[PDB]
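A.B. asks: This one's a deposited entry, sequence included:
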Amino acid sequence: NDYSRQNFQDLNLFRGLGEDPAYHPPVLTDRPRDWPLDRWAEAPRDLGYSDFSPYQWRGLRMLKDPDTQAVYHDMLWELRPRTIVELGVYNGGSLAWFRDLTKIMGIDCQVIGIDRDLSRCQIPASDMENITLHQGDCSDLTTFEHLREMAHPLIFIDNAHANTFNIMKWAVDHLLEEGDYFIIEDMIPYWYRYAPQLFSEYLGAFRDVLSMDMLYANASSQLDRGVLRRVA
Amino acid sequence: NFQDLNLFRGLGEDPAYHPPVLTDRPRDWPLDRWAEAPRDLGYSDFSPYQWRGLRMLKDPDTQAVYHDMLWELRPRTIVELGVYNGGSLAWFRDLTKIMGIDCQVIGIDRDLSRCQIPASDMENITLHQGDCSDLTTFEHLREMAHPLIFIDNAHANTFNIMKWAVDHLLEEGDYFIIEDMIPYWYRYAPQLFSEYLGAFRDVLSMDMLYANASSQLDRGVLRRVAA
Amino acid sequence: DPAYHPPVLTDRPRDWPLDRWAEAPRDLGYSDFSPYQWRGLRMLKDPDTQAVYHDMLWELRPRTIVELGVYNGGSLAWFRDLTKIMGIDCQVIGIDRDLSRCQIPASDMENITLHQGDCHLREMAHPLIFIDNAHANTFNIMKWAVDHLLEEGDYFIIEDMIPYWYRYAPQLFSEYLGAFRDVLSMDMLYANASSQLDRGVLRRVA
Amino acid sequence: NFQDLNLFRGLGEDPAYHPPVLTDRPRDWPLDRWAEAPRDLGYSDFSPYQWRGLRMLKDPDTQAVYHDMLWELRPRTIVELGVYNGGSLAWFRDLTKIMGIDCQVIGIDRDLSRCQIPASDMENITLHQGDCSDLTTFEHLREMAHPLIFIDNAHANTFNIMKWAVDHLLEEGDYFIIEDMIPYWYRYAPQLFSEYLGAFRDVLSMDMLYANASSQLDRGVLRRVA
Amino acid sequence: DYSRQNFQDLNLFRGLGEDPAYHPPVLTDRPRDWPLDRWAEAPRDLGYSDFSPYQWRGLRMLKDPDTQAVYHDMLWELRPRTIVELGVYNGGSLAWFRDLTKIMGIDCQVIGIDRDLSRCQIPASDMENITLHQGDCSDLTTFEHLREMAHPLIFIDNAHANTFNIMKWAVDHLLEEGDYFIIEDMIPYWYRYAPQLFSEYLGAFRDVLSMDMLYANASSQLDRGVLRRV
Amino acid sequence: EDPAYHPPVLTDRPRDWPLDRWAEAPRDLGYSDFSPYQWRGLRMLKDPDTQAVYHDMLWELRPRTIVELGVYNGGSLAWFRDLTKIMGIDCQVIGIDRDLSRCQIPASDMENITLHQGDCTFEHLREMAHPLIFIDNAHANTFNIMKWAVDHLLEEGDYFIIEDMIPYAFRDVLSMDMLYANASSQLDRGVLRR
Ligand SMILES: Nc1ncnc2c1ncn2[C@@H]1O[C@H](CSCC[C@H](N)C(=O)O)[C@@H](O)[C@H]1O
Ligand SMILES: Nc1ncnc2c1ncn2[C@@H]1O[C@H](CSCC[C@H](N)C(=O)O)[C@@H](O)[C@H]1O
Ligand SMILES: Nc1ncnc2c1ncn2[C@@H]1O[C@H](CSCC[C@H](N)C(=O)O)[C@@H](O)[C@H]1O
Ligand SMILES: Nc1ncnc2c1ncn2[C@@H]1O[C@H](CSCC[C@H](N)C(=O)O)[C@@H](O)[C@H]1O
Ligand SMILES: Nc1ncnc2c1ncn2[C@@H]1O[C@H](CSCC[C@H](N)C(=O)O)[C@@H](O)[C@H]1O
């Protein structure tokens, strides 16, 4: 009766993330890594490992999949952002990804990660140039009052999905200049499904300051109808 | 002051039921233009279902499964962690009564303020308020008659509740059923999940008659096996 | 067989051990021809049809449901039971030229009536749902129902064979349905909510 | 007077990158009208990808595979066979550079005319003119450092180019990757393709970790097993 | 064993296959004589390659039955006295057109053109009303030496080489009102890969040629490539 | 009910679409496709996929007889006779059908087509050559007809095909031919020889 010798963690803590912030390359269970060429037709055509979140960057985990990466690439090339703000850092993968990418395009960009819990961050202390971390909860806006003068243009991204609309109002009133993005990843389609009448009303409240950018907005399952930018 | 839309994940934005309102078509299509009528549903299909004017979050396939399960087991108690609007509570009571079964339905939740069942229709339904994370929410329960079906719809602290139920509640043949979450937990944490479930190998089995019979019950229908 | 028998698993044990959870097969374990039921009687109405009928019953609150085509009576017991628990005073009536196959015992036979044969006597209370489940001679019965039976609001419903009639003879189907343009309409809240009632839910208009 | 439209098969009509254009919707959509906004990409998806303003014919899925492979292998050499606009060359040289890998990137093509890489942005990238019909092209690969990834993206004389790579170029753990074409060679020449591949059974295995990970690499990632 | 071979250029087989002769596909993972007790547990899948499995009289047919059904209608309606095919290969299509016009009682000459007739598998026994010409498509002389043809006429492009110049020729020197010029296969690919130039080139013939809408959406292979003289 | 063939007519779009508006043309079929297939101006209730399976079958088997329960307007019969004739096979095509009237096939096109009137064989059916294909296209009394053919008609190698009604217990003297069973939706699991 192994269960009574056992206490059980709560598995909800792994929703959208997984058991480990550390990256580990996948592993073939039911087949050799080296399939021989005489039997090439008989090889299995499926992936061989879980496609839940297999993506990485320089040995850090990456929760933004390749289609998303192509959109952010295009968006960086066009906008040439002076600042990027990730909300929800997790393991640090996409922070390093944004900083490395702006560096290669020759863009002088400051990458800023905010989070509840930076203990999960996996970025070498040496590989941290042009990056700044901030512990703080989205749930209360002082996390954003406290930080200051960011250069523009500016991309603000919500991967945390918490207090999102109050943060969006904070951003329009106190941060975003014309042409700056505010991107809500993953979540906007679910909120519409679960709460159509409230979701539409909330989005609509921003009818005069934010518009959805139809050039990037339909270009990845993750950014799906979530890519917004400042007007007026 | 924007409400936090996460609150509504899996539930909806209003516990009260309202019938679908057609938006780009009249209710009455003229038969001379029968073929040109749009063949799609017409409404939002997120949780369209009802039972006597109360919302139903269990879709029709799931309901078919429970009908069969109730018919075979003939449970004398049904317990639901997660009550919400009460739809499924009243359904269970209503169905067991139609089948002639003497069944108490008990419902447990940390917030009962959303319940929509009129007290005139509360016969054989017992609501208790508690948090899954406190185990006393369960130790406070009075003796229950068997067979019994324990259903997790709240998904918090689920495995320690399984440990509790195996040890203090379930007689052989009784069901501990986890709706919806098993496939997600397995996707997000495949190893931990496997080890956890497997730790119940001696006391619970997966019932294959039902475990593949509905999208919501999928791989979550479990029963107390002989010691 | 009209009698109901639970599904039997030929390739799986019913009790799959938890230590091998991931290895369990994901398909249903048996045929999905007609595995539905209601209190030990067979139900040919799949769960989506059940839901539409539930909804229909709840808003209309029918005084009379008439089922042309009975088979074994499970749908008849379902209508009666469901109308009882909603509080609706409803008379289920079931008409088939052959009734031998009917499994309902004479005890829970309250508010149910069987007639055998074609055409007759309706001093029956409205609102009414008429369900054509005997897929022969349909458009004739539809004219017959509009001339003798149907009042405003009342439904006439064609299960199963509607999309098949547009498949085989499309020109005639449309003409034959378009002949009732002035009397019946297609209720678009239910007419797309089930494969079995798909585009077969009609109701008297005026 | 009409050009041979077959020339553009797989490539496109201009090797320079032109950003996509929205055919029938404004770029800004009013947020009060969000539910009504269209849902499909909004332009042609044939080959809309890019790296630093140059076209990339490797899509994001292929890009992710190569990243993984490059992180693990840490190749001292990558040889693209068939160049076109040079997008891949620029990309590989960049990805290795960020990754702290000291990597040479060689492009080989009969036609280097359509290469769009500026001369300023050309460190660790060398280009060689030459035909796959003839093997002295590859013979002057001046024993570049290892490990090495060799990729076929032109597809002429490909099986002879492989017998050569095995005997004179490749070492244990080096890659030989045929993009796009292997599933087409198997559809069309089931018998012959299956003989030719497999004639290399003692010298090359298919690496299953990367071999089913994108459409373009599908059943095409091979490596030297000595 | 790799050193002990010289490999053919497998591109040679693009859209053709490796063998002009028809070989009937055989089952691999199962016998052909399944038992009737096990009728339920027999699989739904075809059981073979599905690439270009079709045939006519022991000759490989590269036009799939869907495309074949629409030519049957087109021949029946128009009743052509001449059918030109560019791209012959095994001669399957040639013999099919010939056999179908004949069974339909039409006096139709089929004419097949190709740079390489070595691959043709039609017995001479069954060569009636078939005229082959060897010539390269990117070479207007190939067409200039074509004798007079009776009308109506259906001209079909299966070689897809120098195609637009050939339409220009066909429009200037062959096609009378009613006649068809039909590009099979290539058109969708040409619109994925060169949408600007393809649109420009087609609109060049706007005044002389039209997309026949009764046939052009009707098979995968003819999809958007069926055209005729206004 | 219409046994005669009529070519589909368009509705919303012209037949002649301009090539300067080529990219904008409608990509859908433009008309219903219940069964708009003909052979030589006669309707025909074979998909092109079914047409191709039978073709392969006639070419391999080379039947000296084809029987066909249900005829309708005669397409199949003419088609079969024409196909065996083009293939040089000496085949007789028998069409059996209770309502013979529908048959549009004209007298001058009947060589190797014999029609018999009747309901589902039972007499007025004489000795015929093999190999034989037998086709049930009229799905009443289909199973008694199987045993009867199995006991009085089918020799080894001969087929018996059920056409349309086979998704909706004979292992000793029959078998399912797996080369053609899956190859078309209309013959889904209906192709059974010996
Ligand atoms: N209320 C809250 N306030 C701040 N951070 C929160 C939060 N709720 C969740 N989070 C954080 O949100 C993160 C989501 S994962 C972040 C994904 C990452 N930006 C990438 O794309 O690679 C977690 O690290 C979690 O700790
Ligand atoms: N820790 C916790 N303890 C008790 N209930 C909780 C909880 N966390 C969430 N819940 C409750 O879980 C419920 C689950 S939704 C219930 C589903 C519905 N009654 C059905 O039968 O299908 C919500 O009402 C929520 O209030
Ligand atoms: N016989 C041959 N010898 C050398 N190069 C050839 C060749 N045939 C075709 N090519 C070249 O092959 C190239 C194919 S496109 C190259 C694809 C691109 N490098 C990518 O990353 O996907 C063309 O540039 C063409 O010039
Ligand atoms: N330029 C050219 N001139 C004449 N024939 C050519 C040609 N290019 C290719 N062909 C020949 O014509 C055929 C065209 S390629 C094969 C076409 C095939 N029927 C299809 O549509 O997919 C081959 O038989 C080839 O030998
Ligand atoms: N029970 C029965 N006895 C004899 N004929 C029948 C029959 N049931 C249906 N039929 C006839 O069989 C025909 C079936 S339709 C036959 C279609 C034919 N194979 C084709 O492709 O063209 C109809 O003409 C109908 O009149």
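C.D. replies: Now that the structure is in, tell me what you want to look at. Residues are numbered from 1 along each chain as shown, chains lettered A, B, ... in the order given. Ligands and ions are numbered 1, 2, ... in the order given.
A.B. asks: Which neighbouring elements make contact with the helix or strand hosting residue A:74?
C.D. replies: Secondary structure from DSSP states H and E places residue A:74 in helix A:66-79. Applying 3 or more C-beta pairs under 8 Å, 6 or more residues apart in numbering or on different chains; DSSP states H and E, we find helix A:66-79 packed against helix A:93-104, strand D:50-51, helix D:60-73. Heads up, the C-betas are built off the backbone N, CA and C, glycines and all.
A.B. asks: Give me the angle between the first one and strand A:154-158.
C.D. replies: Pointing back at helix A:93-104 there. Put simply, helix A:93-104 runs at 160 degrees to strand A:154-158, going by axes from the mean of the first three to the mean of the last three C-alpha atoms, to 10 degrees.
A.B. asks: one step back: report the distance from the helix holding residue A:74 to the chain centre.
C.D. replies: Centre-to-centre, helix A:66-79 and its host chain are 13 Å apart (C-alpha atoms, centre = their mean, to the nearest Å).
A.B. asks: Dump it to CSV, restricted to CA.
C.D. replies: Extracted in CSV, the C-alpha atoms of helix A:66-79 (Å, rounded to 0.1, in the frame of the first residue of the first chain):
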residue,chain,number,x,y,z
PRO,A,66,8.8,27.8,-32.9
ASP,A,67,5.8,29.5,-34.6
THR,A,68,5.7,32.0,-31.8
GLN,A,69,9.4,32.5,-32.1
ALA,A,70,9.0,33.5,-35.8
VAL,A,71,6.3,36.1,-34.9
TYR,A,72,8.5,37.6,-32.1
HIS,A,73,11.4,37.6,-34.6
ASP,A,74,9.4,39.5,-37.2
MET,A,75,8.1,41.9,-34.6
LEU,A,76,11.6,42.6,-33.3
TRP,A,77,13.0,43.2,-36.8
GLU,A,78,10.2,45.6,-37.6
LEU,A,79,9.8,47.5,-34.2
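A.B. asks: Point me to the residue sitting farthest from the middle of chain A.
C.D. replies: residue A:38 (43.3 Å; C-alpha atoms, centre = their mean).
A.B. asks: Verify the contact between that residue and residue D:202 for me.
C.D. replies: No: with contacts counted by C-beta atoms under 8 Å, residue A:38 stays clear of residue D:202, the gap being 9.4 Å.
A.B. asks: For residue A:211, list each beta-bridge partner.
C.D. replies: residue A:229 (DSSP bridges).
A.B. asks: do you know how far it is from chain C?
C.D. replies: Distance check for residue A:211 against chain C: by C-beta to the nearest C-beta, to the nearest Å, it reads 34 Å.
A.B. asks: Surely residue A:65 is in contact with residue A:57?
C.D. replies: No: Residue A:65 lies out of contact with residue A:57 (C-beta under 8 Å); the separation is 11.7 Å.
A.B. asks: higher neighbour count, those two?
C.D. replies: Ranked by neighbour count (other C-beta atoms under 10 Å in any protein chain shown), residue A:65 and residue A:57 place residue A:57 first, with 25 against 18.
A.B. asks: contacting residues for that one?
C.D. replies: Residue A:57 is in contact with A:93-94, A:96-97, A:100, D:67, counting by C-beta atoms under 8 Å, 6 or more residues apart in numbering or on different chains.
A.B. asks: Now, of those, which are buried?
C.D. replies: With neighbours counted by 16 or more other C-beta atoms under 10 Å in any protein chain shown, these contain buried members at A:93-94, A:96-97, A:100, D:67.
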